[PDB]
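As structure tokens, one chain now follows by itself in the form deposited without the partner chain.
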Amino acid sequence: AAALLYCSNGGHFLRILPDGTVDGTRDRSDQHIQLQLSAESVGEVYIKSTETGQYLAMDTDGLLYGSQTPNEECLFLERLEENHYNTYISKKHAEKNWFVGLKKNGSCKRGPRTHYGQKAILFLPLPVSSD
């Protein structure tokens, strides 16, 4: 439903859980991982996780949560990694280059550690517009 988010940090997908929780998964688990990249024009997308209806929104520890509110944190700047891979700068900390990246053990590990070079942050939108 609408979009899928893959990570070439080995071979995982991003995962949204109803209880405001974001993590990763080694399976095509688009039972839960459904999303919508709802641009505020200038790359910064409001990722409305269609499944739950929750906005994919980074905290100041780089922990993504399932938000009820579209804000400066959910504004996920499509910073396509020069390479094919496309990954999301959390607007607020653009200068600290706070990116979206998956920890190996199916986890949402961002804060001040997710940045370019790392396969950790190698994301590939596999979007699925069945709506």
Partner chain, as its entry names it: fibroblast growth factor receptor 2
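Positions refer to the first chain, counted from 1.
One more form of this protein exists, namely the form solved in complex with the partner chain; it is left out here, but the text below deals with it.
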(Q) I'd like to know if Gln68 sits close to the partner chain in the entry with it bound, meaning any non-hydrogen atom pair within 4.5 angstroms. (A) no
Q. Would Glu78 show up as a contact with the partner chain in the entry with it bound if we use heavy atoms at 4.5 Å?
A. yes
Q. Is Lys92 close to the partner chain in the entry with it bound, meaning a heavy atom pair under 4.5 Å apart or at it?
A. no
Q: Determine whether any heavy atom of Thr60 comes within 4.5 Å of a heavy atom of the partner chain in the entry with it bound, and answer yes or no.
A: no
Q. So which bits of 17-47 sit within 4.5 Å of the partner chain in the entry with it bound, heavy atoms only?
A. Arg26, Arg28, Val42
